[PDB]
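Reading through the structure tokens given below for one structure.
Because the Cβ atoms are built from the backbone with ideal geometry, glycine has one as well, and the counts that use them run over all protein chains shown. Each value in this text was obtained by applying a stated rule to the coordinates, not by laboratory testing.
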Ligand SMILES: CNC(=O)CN1CCC(Nc2nccc(-c3cnc4ccccn34)n2)CC1
């Protein structure tokens, strides 16, 4: 009979295909609830993400459609793969939810951040993170929103990126993380490939200090935290800032730049051997190359991949038009 079935997993009904059994709520994002399950057909575990009415508004629509196409086409070892996509509805009129099925990962970088790691693993995760971004950039995609919660890993240290970044008002009660956004983004100065290097850098630092590098209630408190530790950017940086934005920045209380050995002492890095001592200086070095405010003077993805610390692994549519676009994308 019916190719599906429904079980209650929280507060939203999950109506999925017979092949997926034993649903277990593993998490929730800002666009969909996620479940772990067993796929009788493939005989393996998978993750299922439900998107409720992804055509309700431009924001959710533009994102679900964007993901539905990219996660479909673009494929890389370091970018979560799509196993299948389906909808329990039978026609465009009835069309309601879209379910994304992907390989089941073990955890978030948030959980990895809450634990000390060796240089072997930290640099490996960092290596894969750069490969993914590399593939993304080559595919003409610049994430611009990389963060610990969007990067997943497994027990064997394999890493993969979840979403594909940005391309705006919502009644959504939950705020979005802004701690890992690059100076360019925070101040809308135009950007380029290396804008994601900043995100990476904020993440590598947090894996060291085990605390969010630049926290803040808004981009105001956010910028201060950046100039407090890295120091006011060089005058040549402001000449690239709009006359209105520059004003605000230049009229801000100047600061001195705390050296990197200070921001990241040795008590955070392992040095019980000559190997870890060296790896510490190399790790701290890369940080000072990524965590640079001025893009022009910030290391690129291909250079960071050459670093000795890493190279050791070498439109405007309506809610009705959107529903249409997304539906057909579902059913090829
Ligand atoms: C033990 N780990 C945790 O505490 C949380 N993790 C997060 C990753 C999850 N596994 C997984 N594998 C593949 C895709 C997604 C996933 C895809 N989108 C989201 C949004 C929120 C949370 C998870 N996801 N999640 C297992 C539980």
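Distance between the modelled labels on residue 252 and residue 111, one decimal in nanometres: 3.6 nm (7 Å Cα→Cβ projection). Summary of packing: across the peptides 153-160, 290-297, 129-136, 196-203, the per-residue average of other C-beta atoms within 10 Å ranks them, highest first, as 196-203, 129-136, 290-297, 153-160. The packing ranking, built from the mean of other Cβ atoms within 10 Å per residue, places the peptides 170-181, 11-22 in the order 11-22, 170-181, highest first. One chain, two ends: residue 57 and residue 41. Fully extended at 0.36 nm per residue, the span grows by 2.3 nm beyond their Cα-Cα distance. When only alpha carbons are used to place a centre, the stretch 133-195 and the stretch 261-307 end up 21 Å from one another. For the stretch 1-60 versus the stretch 206-225, the spacing of their alpha-carbon centroids is 34 Å. Just the Cα atoms of the chain, one point each, no solvent: what log10 I(q)/I(0) does Debye give at q = 0.13 Å⁻¹? Taking Cα atoms of the chain as identical point scatterers yields -1.05. For the peptides 52-65, 241-254, the ranking by packing is 52-65, 241-254, with the highest mean count of neighbouring Cβ atoms within 10 Å listed first.
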